[PDB]
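Single chain ahead, by itself, as structure tokens, in the form deposited in one PDB entry.
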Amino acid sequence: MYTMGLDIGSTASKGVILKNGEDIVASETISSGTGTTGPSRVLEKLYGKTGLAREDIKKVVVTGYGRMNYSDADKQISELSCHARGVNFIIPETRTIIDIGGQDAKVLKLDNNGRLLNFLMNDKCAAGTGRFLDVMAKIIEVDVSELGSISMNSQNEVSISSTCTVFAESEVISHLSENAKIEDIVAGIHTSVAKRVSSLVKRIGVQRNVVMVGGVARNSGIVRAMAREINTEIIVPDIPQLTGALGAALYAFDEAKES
């Protein structure tokens, strides 16, 4: 039996085909979100990768910012619910989930059943989201996928004074003009993001286990900086960007059984 989960976010589309509600047999991420062909391309690839087709998929659930714009799913479900479900599937005793995506940062507090108890989100400021990193990566002319590894080489982190993405961009341009080492600039960029999200997490009250998800959690430098700022161990799935899609796939499995 197979179900599918689709998470169409501001920035990327993620898909998972789940086997018997327990085994991920295919996952795919396309860095095109709401308002693009990203969803279609994710599907194409999940199908090519598995050999399956739409007919073989008993239930599909879509989540994320673009979920109501998608008309080919059995249910459209909140990404708060889907990320919580996906994380709880992988990591026991999760009480705090930090989802840093392309346009917002979400912090979920869960009870002992995995149900939402409290929630705080920054969705109004590009700083402390993936958008900040995307902007900086473009200026430094490296892929966001390299920022973690680059920051590892830092021995003399540059401080970024500005908390605003726009003002920070100017600072980074100025550091680049002063021939600051790219690894130190990037380390400072990671610290800026971690300070802004950490403030968010501290307002809700850290409770272990603390789990980071979202595409930004693929950046090892951000995760390290975050664990430093919140002074708590952070657990990151090997598939942090796909937890919403996985959670959708699990709700899809619930639907398929109910049928």
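We number the residues from 1 along the sequence you see.
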query	finding
Residue range whose averaged C-alpha B-factor is higher in the record, 97 to 105 or 68 to 76	68 to 76
239 to 247 or 20 to 28, whichever carries the higher mean Cα B-factor	20 to 28
Deposited CA B-factor, highest of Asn113, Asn179, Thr165, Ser161	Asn179
Residue selected from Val62, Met226, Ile57, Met212 by maximal Cα B factor	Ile57
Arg131 - which third its CA temperature factor falls in, relative to the rest of the chain	lowest
Chain-relative CA temperature factor third for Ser198	middle
Third assignment of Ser192 from its chain's C-alpha B-factors	lowest
Ranked against its chain, the third holding the CA B-factor of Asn219	lowest
Chain-relative CA temperature factor third for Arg85	middle
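From this point on, the text means the form deposited in another entry, which you will not see here.
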query: Where one rigid part turns on another between this form and the one not shown: hinge among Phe119, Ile239, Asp134, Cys125; finding: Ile239
query: Pairwise C-alpha change, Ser31 versus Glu171, in the other entry against this form - closer or farther, 3 angstroms or more; finding: farther
query: Direction of Cα pair change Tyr251-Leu117 in the other entry, magnitude 3 angstroms or more; finding: closer
